[PDB]
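Chemist: Numbering (mature numbering (1 follows the signal peptide of the UniProt record, and there is no 0)), first residue to last: 11 to 250.
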Ligand SMILES: [Ca+2]
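1) Should residue 231 and residue 186 be called a contact, given that it needs their Cβ atoms to be closer than 7 Å?
2) Under the assumption that residue 28 contacts residue 14 (Cβ atoms under 8 Å), give the Cβ distance between them as a whole number of angstroms.
3) Hey, out of 47, 180, 69, whose CA is closest to residue 214's CA?
4) Does any heavy atom of ligand 1 sit closer than 6 Å to the C-beta of residue 16?
5) Determine, using beta-carbon pairs with one atom in the region 163-175 and one in the region 136-148, whether at least three such pairs fall under 8 Å.
6) Run the proximity test for residue 225: is its beta-carbon closer than 6 Å to any non-hydrogen atom belonging to ligand 1?
7) For residue 71, which residues does DSSP report across the bridge?
8) In three-state terms, what does DSSP make of residue 204?
9) In chain order, what residues of the same chain lie with their CB nearer than 6 Å to the CB of residue 86, ignoring the 5 residues before and after it?
10) From which residue to which residue does the beta strand (DSSP E) around residue 139 run?
11) For residue 60, is the classification buried or exposed, using 16 other Cβ atoms within 10 angstroms of its Cβ as the cut-off for buried?
12) Count the CB pairs spanning the region 115-124 and the region 30-38 that are closer than 8 Å, and state whether there are at least three.
13) Let's test the definition: count the other Cβ atoms within 10 Å of the Cβ of residue 190 and tell me whether it reaches 16, buried, or not, exposed.
14) Where the beta carbon is closer than 5 Å to any heavy atom of ligand 1, which residues qualify, in chain order?
15) Where do the N-terminal and C-terminal ends of the beta strand (DSSP E) with residue 49 fall, by residue?
16) In three-state terms, what does DSSP make of residue 226?
17) Looking at the structure shown, is residue 87 part of a helix, part of a strand, or coil, going by DSSP?
18) Identify the continuous beta strand (DSSP E) that holds residue 167 and give its terminal residues.
This is how it looks when you write it as structure tokens:
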């Protein structure tokens, strides 16, 4: 997250760190949202590589013991069947990870609330992106979870010529674009939390940013629209 502020430890308890084994160690690669005690919603592109993954819930500082972490293997990965790694702009950048064990819920580990199917937010709706991704374009990962206020940019504006044009689809949510705050590499897969009827819900799964850089004016961060996938999500959970 570029131009973020450090999140309070108990702010975003559905945020997870998706990590892959790297030698004798584990490296953060993407975010995710805990949606059941044994399921995590993330981006499909986060799990294209044939790597060994684990999920960390209750995480705050990647590099220090917080006293609140639970570590769990990924047992099954279900990518959306229409995802095509060659074509992020086509959409479908979403995957569900079934965890090897159910995690324990507490102040630091909670299920992410999802929107009702089909819900579209009005332009400029209040949302926060959270994650441990790069804090600058071509920078380094955050040590502590970051949040940035990123108001939505509705489809009509987001798919206009000076914004994303044809690259953005109605199956996506755009947010931000102010040239200062943005998602960045390593936030992919994580939540965009939007306030609706008094309650934050996870409306987006971070998907992509401009090839030109993370915080680019009129190139808001782009998220898979969760509310476009509620049936798919329910179907996968029910059959696994
Ligand atoms: Ca930690």
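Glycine residues also receive a C-beta, built at the ideal position from the N, C-alpha and C atoms.
Modeler: If we stick to the structure as given:
1) Working through the chain shown from its first residue, we reach residue 231 at position 221. Working through the chain shown from its first residue, we reach residue 186 at position 176. Yes. Within cutoff.
2) For the purposes of this step, residue 28 is identified with residue 18 of the chain shown, where counting begins at 1. For the purposes of this step, residue 14 is identified with residue 4 of the chain shown, where counting begins at 1. Not really, about 19 Å apart at Cβ, beyond 8 Å.
3) In the chain shown, counting from the first residue as 1, residue 214 sits at position 204. The residue with the shortest Cα to Cα distance from residue 214 is 180.
4) Within the chain shown, the letter at position 6 stands for residue 16. No; taking the cut-off as 6 Å, the Cβ of residue 16 has no heavy atom of ligand 1 nearer than that.
5) no
6) Here residue 225 is taken as the residue at index 215 of the chain shown, counted from 1. Residue 225 Cβ: outside cutoff for every heavy atom of ligand 1.
7) To locate residue 71, count along the chain shown from 1; it is residue 61. The partner list for residue 71 (beta bridge, DSSP) reads 154.
8) On the chain shown, position 194 is the one that residue 204 refers to. Three-state DSSP puts residue 204 in a strand.
9) As a first step, residue 86 must be located in the chain shown, where it is residue number 76. Excluding positions up to five away in sequence, the list reads 108.
10) Counted from its first residue, the chain shown places residue 139 at position 129. It spans 137-141 - the beta strand (DSSP E) in which residue 139 sits, taken as one unbroken run.
11) The count along the chain shown starts at 1 and reaches residue 60 at position 50. That one is exposed.
12) no
13) Numbered from 1 along the chain shown, position 180 holds the residue referred to as residue 190. It counts as exposed.
14) 71, 76
15) Locating residue 49 in the chain shown gives position 39, counting from the first residue. Where residue 49 is concerned, the enclosing beta strand (DSSP E) stretches over 49-52.
16) On the chain shown, residue 226 is found 216 positions in, with the first residue counted as 1. Of the three classes helix, strand and coil, the one that applies to residue 226 here is strand, per DSSP.
17) Taking the first residue of the chain shown as position 1, residue 87 is located at position 77. If DSSP states are grouped into helix, strand and coil, residue 87 belongs with the strands.
18) Here residue 167 refers to the residue found at position 157 when the chain shown is read from its first residue. Per DSSP, residue 167 belongs to no beta strand (DSSP E); it is in the alpha helix (DSSP H), 165-168.
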